[PDB]
Amino acid sequence: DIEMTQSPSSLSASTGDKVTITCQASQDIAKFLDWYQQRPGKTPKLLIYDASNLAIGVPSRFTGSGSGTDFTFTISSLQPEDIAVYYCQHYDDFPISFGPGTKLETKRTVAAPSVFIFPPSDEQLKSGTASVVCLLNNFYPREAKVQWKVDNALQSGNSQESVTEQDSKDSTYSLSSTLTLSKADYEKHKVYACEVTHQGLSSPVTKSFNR
Amino acid sequence: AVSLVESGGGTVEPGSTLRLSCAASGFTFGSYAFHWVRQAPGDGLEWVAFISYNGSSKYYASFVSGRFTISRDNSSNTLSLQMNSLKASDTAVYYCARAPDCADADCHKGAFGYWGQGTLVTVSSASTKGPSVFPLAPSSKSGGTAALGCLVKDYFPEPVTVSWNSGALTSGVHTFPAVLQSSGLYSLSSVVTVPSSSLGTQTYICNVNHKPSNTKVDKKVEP
């Protein structure tokens, strides 16, 4: 099966910048190579087909070039609505496949998060589980670390987190982490803390409460 | 206008089957090849299958391994994907797709110009379940900027929607992507930041909807 690759994996850019991304095929695919845009949570859209042809209805800032094994996609001047993931896709033979995508984000200055911790609700504690939640609000860049502590013991294997899509206005991210404990474990211990590390913080920030 | 309307999405137990359909209108359906493409949550686009204009040729991705059958009925303008022996890793939004307009008897360019709206297929041993909605508020043990929220816990399948104060509160709101727990149930949080002084004067209610379980909850969040 032909293997399609894309570089870079992710790209930070500013509105107005020229953006150039690449796609490579593991064998000569002539010009049987298309490019798609997908905005978060939306249906994909064909932008370039047959390596270099502008899809019907698509404006001129988009282009593709190449033939054979190596292809390029360009946005001459990035607009805010162009922040998306871009995928290449071959049709040289069957099976068809896509590349893994290049994800764009908008550049901004480094911003440390504000941090908030939430105890389990009394409502939740009526049943046998306790969820402790930590919010990291309005930070940049996206990379951040949360370390949970219960009575100063570092937790492992009992948390999950997710991160918002980049904010369209202020270009920041936010992150929510949930620590899941049995009610018995929660009631057994006293001090609950989330320790946050981020490029914008000179040292880690810990928020805590006592049950 | 070209219209591609998918149906048949839903939940499936591991090892069981589900059939998707795509109803086409606005063009000569039988002049076009069709494809299915899928996308797992937070992951990339993945090609699944092709059927030629007249159904005489059918091709599949390597992961299919005989489990899925693409078919069409050109007299009824429908495309089908019968999926058997489904596994958790087949959980995805599934799309039908067709080439850009062409004037030929057989339009089979492998470019996806028109797409269906997508339909979610979730494969799991979990059963459809509405969320419990718990308040997120700071420890009771004043002054700065506060966060409050709702934890929308233990639901299946995706999605849930959340608003605040019936859509009147949008500033400072962050609603996070769900996580899939080890239990096989999803959980999501939604938060908002407000001055701590507002905790005494203002009312904050999160409005949660989980359509698959007919669950609608309005939860007042109090310090």
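Note on naming: letters A, B, ... go to the chains in the order of the sequence lines (proteins, then strands), and numbering restarts at 1 for each one. When reading the values below, keep in mind they use all heavy atoms of this one structure, side chains included, and skip hydrogens, waters and symmetry mates.
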Engineer: Given 3.5 Å as the limit, does a donor-acceptor pair link the side chain of B:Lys129 with the main chain of B:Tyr155, or not?
Structural biologist: no

Engineer: Restricting to pairs with a member in residues 17-29 of chain B, which pass side chain to side chain donor-acceptor pair (under 3.5 Å), not counting sequence neighbours?
Structural biologist: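 Non-adjacent pairs meeting side chain to side chain donor-acceptor pair (under 3.5 Å): B:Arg19-B:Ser80.
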
Engineer: Name the one of A:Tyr140, A:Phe139, A:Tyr173 that satisfies ring pair (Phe, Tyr, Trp, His ring centres under 6.0 Å) with A:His198?
Structural biologist: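 Of A:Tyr140, A:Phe139, A:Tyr173, ring pair (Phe, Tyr, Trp, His ring centres under 6.0 Å) with A:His198 is met by A:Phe139 alone.
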
Engineer: Side chains of B:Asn84 and B:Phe68: does their closest heavy-atom pair fall under 4.5 Å?
Structural biologist: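 The answer is no, as the side chains (C-beta and beyond) never meet within the 4.5 Å cut-off.
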
Engineer: Flag yes if more than 12 heavy atoms outside B:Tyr59 fall under 6.0 Å of its OH atom; otherwise flag no.
Structural biologist: no

Engineer: Looking at B:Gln117, I want to see if its CD is surrounded by more than 12 non-hydrogen atoms of other residues, nucleotides or ligands under 6.0 Å.
Structural biologist: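 Yes, enclosed.
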
Engineer: Quick test of your reading: applying disulfide (SG to SG under 2.5 Å), list the pairs with at least one residue in residues 7-53 of chain A, sequence neighbours left out, ordered by first then second residue.
Structural biologist: A:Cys23-A:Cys88

Engineer: Taking A:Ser12's backbone N and O only, do any of them form a donor-acceptor pair with A:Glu105's side chain (distance below 3.5 Å, no angle check)?
Structural biologist: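 A pair under 3.5 Å: no.
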
Engineer: Sub-3.5 Å donor-acceptor pair from the side chain of A:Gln38 to the main-chain atoms of A:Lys42, do we have one?
Structural biologist: yes

Engineer: Does B:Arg98 count as lying over the ring of B:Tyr32, i.e. NZ or CZ under 6.0 Å from the six-ring centre, within 45 degrees of the axis?
Structural biologist: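 The answer is yes; both the distance and angle limits are met.
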
Engineer: Any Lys/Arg nitrogen of A:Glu81 or A:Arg61 sitting under 4.0 Å from an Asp/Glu carboxylate oxygen of the other?
Structural biologist: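 Looking at A:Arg61 together with A:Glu81, the answer is yes, because their closest N to O distance falls below 4.0 Å.
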
Engineer: Looking at every non-hydrogen atom in both residues, tell me the closest pair between B:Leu18 and B:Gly8 and how far apart they are.
Structural biologist: CD2-O, 3.4 Å

Engineer: Which atom pair, heavy atoms only, marks the closest approach of A:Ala30 to A:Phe71?
Structural biologist: O-CZ, 3.4 Å

Engineer: Without hydrogens or angle criteria, can the side chains of B:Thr119 and B:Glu6 be said to hold a donor-acceptor pair below 3.5 Å?
Structural biologist: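 No - no donor-acceptor pair under 3.5 Å links their side chains.
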
Engineer: Could you walk me through whether B:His35 and B:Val48 pass the side chain to side chain contact (heavy atoms under 4.5 Å, CB included) test, one step at a time?
Structural biologist: CA-CA 7 Å; B:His35 304 251; B:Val48 178; over 6 Å; no

Engineer: Please report whether the ring centroid of A:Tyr87 lies less than 6.0 Å from that of A:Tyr36.
Structural biologist: no

Engineer: Taking all atoms of both residues into account, what is the closest heavy-atom pair of B:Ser31 and B:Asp104, and its distance?
Structural biologist: CB-O, 4.2 Å

Engineer: Is it true that the side chains of A:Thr69 and A:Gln24 contain a donor and an acceptor less than 3.5 Å apart?
Structural biologist: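 Looking only at side-chain atoms, A:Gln24 and A:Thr69 do not form any donor-acceptor pair under 3.5 Å.
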
Engineer: Could you tell me whether the side chain of B:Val221 reaches within less than 4.5 Å of the side chain of B:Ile205, counting heavy atoms only?
Structural biologist: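 B:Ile205 does not reach B:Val221 side chain to side chain.
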
Engineer: When rounded to the nearest 0.5 angstrom, what distance separates SG in A:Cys134 from CD in A:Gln147?
Structural biologist: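 A:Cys134 atom SG to A:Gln147 atom CD measures 11.0 Å (nearest 0.5 Å).
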
Engineer: For a quick check under 3.5 Å, do A:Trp148 and A:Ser156 share a side-chain donor-acceptor pair by atom type?
Structural biologist: no

Engineer: Flag the pair A:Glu195 / A:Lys207 as yes when at least one side-chain heavy-atom distance between them is below 4.5 Å, and no otherwise.
Structural biologist: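 SC-SC contact between A:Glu195 and A:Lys207 ruled out.
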
Engineer: List in chain and number order the residues that pass ring-ring contact (aromatic ring centres under 6.0 Å, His included) with A:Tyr186, two or more places apart in sequence or in another chain; answer none if no residue qualifies.
Structural biologist: A:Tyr192

Engineer: Under 6.0 Å from the six-membered ring centre of B:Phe29 and within 45° of its axis: does the NZ or CZ of B:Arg72 meet both?
Structural biologist: yes

Engineer: Can you find a side-chain donor-acceptor pair between B:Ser62 and A:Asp1 that sits under 3.5 Å?
Structural biologist: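 A:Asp1 and B:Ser62 do have a side-chain donor-acceptor pair below 3.5 Å.
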
Engineer: Between A:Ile29 and A:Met4, is the side chain to side chain contact (heavy atoms under 4.5 Å, CB included) condition met? List the steps.
Structural biologist: CA-CA 10 Å; A:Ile29 64 168; A:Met4 304 302 303; 4.1 Å; yes

Engineer: Would a distance-only check, ignoring hydrogens and angles, find a side-chain to backbone donor-acceptor pair under 3.5 Å from A:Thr172 to A:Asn138?
Structural biologist: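 No; zero donor-acceptor contacts below 3.5 Å.
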
Engineer: Please answer whether the main-chain N or O of A:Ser171 pairs with a side-chain N or O of A:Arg108 as donor and acceptor at a distance below 3.5 Å.
Structural biologist: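 No, the answer is negative, given that no donor and acceptor are paired below the 3.5 Å cut-off.
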
Engineer: Just wondering, do A:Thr129 and A:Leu181 contact through their side chains at under 4.5 Å, heavy atoms?
Structural biologist: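 A side-chain contact under 4.5 Å is absent here.
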
Engineer: If we ignore hydrogens and angles and just use 3.5 Å, is the side chain of A:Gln160 paired with the main-chain N or O of A:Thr178 as donor and acceptor?
Structural biologist: no

Engineer: If you count the non-hydrogen atoms of other residues, nucleotides and ligands that lie under 6.0 Å from NZ in A:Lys103, is the total more than 12?
Structural biologist: yes

Engineer: Okay, side chain of A:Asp167, backbone of A:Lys169: is any donor-acceptor separation there less than 3.5 Å?
Structural biologist: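 Pair found, side chain donor or acceptor close to backbone of A:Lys169.
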
Engineer: In sequence, state the C-alpha distance, the side-chain angles, and the governing distance for B:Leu136 and B:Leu148, and then conclude on side chain to side chain contact (heavy atoms under 4.5 Å, CB included).
Structural biologist: CA-CA 5 Å; B:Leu136 295 168; B:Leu148 61 93; 5.9 Å; no

Engineer: Assign the ring pair B:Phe112 / B:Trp115 to parallel, tilted or perpendicular, where the plane angle (0 to 90°) is split at 30° and 60°.
Structural biologist: perpendicular

Engineer: If we only count heavy atoms from C-beta on, is the A:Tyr86 to A:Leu104 side-chain gap below 4.5 Å?
Structural biologist: yes

Engineer: Does A:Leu154 CG have over 12 foreign heavy atoms under 6.0 Å away?
Structural biologist: yes

Engineer: Taking atom types as modelled and ignoring hydrogens, do the side chains of A:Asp82 and A:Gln79 form a donor-acceptor contact shorter than 3.5 angstrom?
Structural biologist: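 No pair is found: no donor N or O on one side chain lies under 3.5 Å from an acceptor on the other.
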
Engineer: How about B:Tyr53 and B:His108: do any of their side-chain heavy atoms sit closer than 4.5 Å?
Structural biologist: no

Engineer: Going by side chain to side chain contact (heavy atoms under 4.5 Å, CB included), A:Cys194 matches just one of A:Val115, A:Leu136, A:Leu135. Which one?
Structural biologist: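 With A:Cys194 as partner, side chain to side chain contact (heavy atoms under 4.5 Å, CB included) holds for just one option, A:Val115.
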
Engineer: Checking B:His210 side chain against B:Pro157 main chain: does a donor-acceptor pair fall under 3.5 Å?
Structural biologist: yes

Engineer: Compare all side-chain heavy atoms of A:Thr102 with those of A:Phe73 and state whether any distance is below 4.5 angstrom.
Structural biologist: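 No, their side chains stay 4.5 Å or more apart.
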
Engineer: Could you state the interatomic distance from CG (A:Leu33) to CG (A:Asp50), rounded to the nearest 0.5 Å?
Structural biologist: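 Going from the CG atom of A:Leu33 to the CG atom of A:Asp50 covers 9.0 Å.
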
Engineer: Output, in order, the C-alpha distance, side-chain angles, deciding distance and verdict of side chain to side chain contact (heavy atoms under 4.5 Å, CB included) for A:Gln27 and A:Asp92.
Structural biologist: CA-CA 9 Å; A:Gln27 76 185 251; A:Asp92 194 59; 4.1 Å; yes

Engineer: Return the minimal non-hydrogen interatomic distance between B:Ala111 and B:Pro100, and the atom names on each side.
Structural biologist: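 Closest approach of B:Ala111 to B:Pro100: O-CD, 3.5 Å.
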
Engineer: Any donor-acceptor pair under 3.5 Å linking the side chain of A:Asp185 with the backbone of A:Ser182?
Structural biologist: no

Engineer: Should B:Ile70 and B:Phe50 count as side-chain neighbours, where that means a heavy-atom distance under 4.5 Å?
Structural biologist: no

Engineer: Please name the pair of heavy atoms, one in A:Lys183 and one in A:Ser127, separated by the smallest distance, quoted to 0.1 Å.
Structural biologist: CD-O, 3.4 Å

Engineer: May I ask you to decide whether A:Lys107 forms a salt bridge with A:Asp17, counting only side-chain N to carboxylate O separations under 4.0 Å?
Structural biologist: no

Engineer: First locate atom OG of B:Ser89, then atom CG of B:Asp43, and finally report the distance between them rounded to the nearest 0.5 Å.
Structural biologist: 11.0 Å

Engineer: Using a 3.5 Å distance criterion without hydrogens, assess whether the side chain of B:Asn165 forms a donor-acceptor pair with backbone atoms of B:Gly167.
Structural biologist: no

Engineer: Kindly compute the distance separating CD1 (A:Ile2) from NE2 (A:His90), expressed to the nearest 0.5 Å.
Structural biologist: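 The distance works out to 4.0 Å.
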
Engineer: Between the side chains of B:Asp154 and B:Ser132, is a donor N or O closer than 3.5 angstrom to an acceptor N or O?
Structural biologist: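 No pair is found: no donor N or O on one side chain lies under 3.5 Å from an acceptor on the other.
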
